[PDB]
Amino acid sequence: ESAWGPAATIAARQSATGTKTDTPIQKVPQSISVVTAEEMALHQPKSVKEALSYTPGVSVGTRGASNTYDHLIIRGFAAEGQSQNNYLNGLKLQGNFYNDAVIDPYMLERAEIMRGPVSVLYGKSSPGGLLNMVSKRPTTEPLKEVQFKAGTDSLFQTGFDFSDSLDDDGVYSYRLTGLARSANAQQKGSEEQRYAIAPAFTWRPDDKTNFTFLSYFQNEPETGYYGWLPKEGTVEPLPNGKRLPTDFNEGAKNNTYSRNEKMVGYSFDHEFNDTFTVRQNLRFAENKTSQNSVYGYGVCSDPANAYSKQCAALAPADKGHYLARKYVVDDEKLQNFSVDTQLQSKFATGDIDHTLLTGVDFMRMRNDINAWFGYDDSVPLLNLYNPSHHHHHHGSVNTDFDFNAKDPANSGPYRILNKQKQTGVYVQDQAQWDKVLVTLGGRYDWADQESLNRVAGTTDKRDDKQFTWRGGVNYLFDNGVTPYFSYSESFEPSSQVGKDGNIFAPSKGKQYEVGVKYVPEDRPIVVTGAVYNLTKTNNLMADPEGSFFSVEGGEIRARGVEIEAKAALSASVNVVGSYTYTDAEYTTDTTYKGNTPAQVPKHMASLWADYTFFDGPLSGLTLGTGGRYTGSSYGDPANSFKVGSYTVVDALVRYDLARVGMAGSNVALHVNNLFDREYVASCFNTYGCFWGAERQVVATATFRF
């Protein structure tokens, strides 16, 4: 009795990213979360990140106020190189270096996060997880939507969502979703701008055939802040006892950051008969990114600035309140092609129904990089003292910076052309022997890479041949409860080159998981719980005898517990929440050991509830609020310090405008970080910290014609 209510809960019972076949969640031997469009329409997340805020095992706020990338640390791990591990329609948006693409949630139908290894279905993947977003597709019913937004920091957004049929039978239908957005970043001097249009076309010749054309085009002149701040002035006080304000910007006044995304593809499915169904997913993208960025590199008293001349030239007591800075000029262009073709075979074997999945997955990525990086003494220092109480009154931008006149003395060129290719064949079978579901499959991958260093004129190459498999069982009851357990593997090639001049071997993921899923078919509620043991082997570590080169053989373990709960407690009260316990540890490592990797808290939790009024004069009025708890975490591999825990509160007030005639329409007021709490999201190192997001206020008016 309100879109995001039970209608959403039940819709989220079905998924496919976990088995590549339309399977209900209780029948999936792995942890998986689903966030629906209605849910996002209610919460109004800035990015896909926040859209998953009430899901377990994911730090979505790591980078704080920045919104340049949808980077997620899942189950304590991230992809090789901190690259996103994000999918769109079952196909990976393979990026490289600063070239990673994002999809605005307004263009999504839903998001799904899969925890733990999943190479068994998608190939090389970081252990810990994978995010899969689904594009909005043309609707059966007509849709004419216009949305207007006005908020803090000068947030102004205008968009539309129109979908309709061309024939009265619906063999031909389309959808066009677009948005225009602009605002000022939390940091002074930084802006954000976004232009996005998503043309979609569906073709249903009959009811056993579906060809949907999916395209997305996005232009971002300015992506906003993406800087680094010292733990000194953020997590810790400056020598003067004060701190840098949350809106502090240490980059140049002329720092610039842009991204361009263009993609065309399609989703296809055809049911031949009662036993055979074929579905193919294909996409091609050409994405670009450029930037001129002056970034922070810790205070002068930071070990990382020992060799800094401008830093040594200071009084020993001053080293700790002056900021070392560097810079980068980047320009990249990449093309990414993907096709996944799968044949699904349904058939029984004497009381044993089988769903046999067999398919071939292919992708090739090419990224050409032309950048320049400033080293020590490449850019002026900054006294962090001026940023006093007065600036907690206003902000104060910095000065320009010549991004040209690349001084060969303090800066240098970086020109790389990376290539990636991966062909994989996989087989999976979902066998149900009444109340017993056994998932088991495997995949073999051909992941070859090749890197050309235009500046050094050298070429590094490697072809990995890998195998991964997964097996699990879901004892499906009838009262609801659904116990399960499973084993899964993942592999991920390295791109780093050792002292021998070769590309390291791939790292591997191994996970053992057990838990029960309560998915009652008679009540709009879902509850999941799970405990797991995830291990990443062949992690690159420091050379036992300092050599600038890494060594493999390292190992890291993450064991934990995740509980997620979504339910409609009444006709006007909906609640969603989770709790996560993560015990991440360096098992084998030269410099570390027993240490927990940075940015991953031991405890995380969130809870959300909303109330809708179908009574008196407050009919159609929705009130909602939630809390997100982020435990304390370490701010560097050495665990030399720690970032504090925090709890952010969000709230909204929605009024079903469908009481002034305008039905389907509504007005809403969203406030994030209600108590305007000041916190440090996290730090990846002593010189890389991020202020959290300061209280935001947004007014949204979405009209349905």
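Only the largest set of C-alpha atoms that superpose within 1.5 Å between the two forms is called the rigid core. Throughout, we count residues from 1 along the sequence that is shown.
In a rigid core superposition of the other structures in 5 other deposited structures of this protein, 8 to 16 and 683 to 691 differ in how far their CA atoms stray, and the farther one is 8 to 16.
Taking the root mean square of CA deviations in 5 other deposited structures of this protein after fitting on the rigid core, 488 to 496 and 570 to 578 differ, and the farther of the two is 570 to 578. Per-stretch averaging of Cα B factors for 258 to 266 and 449 to 457 places 449 to 457 on top. According to the PDB record, 543 to 551 carries the higher mean C-alpha B-factor of the two stretches 543 to 551 and 290 to 298.
Going by the entry's values, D274 shows the largest Cα B-factor out of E192, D361, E145, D274. The top Cα temperature factor in the record, among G227, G635, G76, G616, falls on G616. Sort the chain's modelled residues by C-alpha temperature factor and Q511 lands in the middle third, per the entry. Sort the chain's modelled residues by C-alpha temperature factor and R443 lands in the highest third, per the entry.
Sort the modelled residues of the chain by CA B factor and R175 lands in the middle third. In the PDB entry, a CA B factor belonging to the highest third of its chain's modelled residues is recorded for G664. For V648, the recorded CA B-factor ranks within the middle third of the chain. Only modelled residues enter the ranking.
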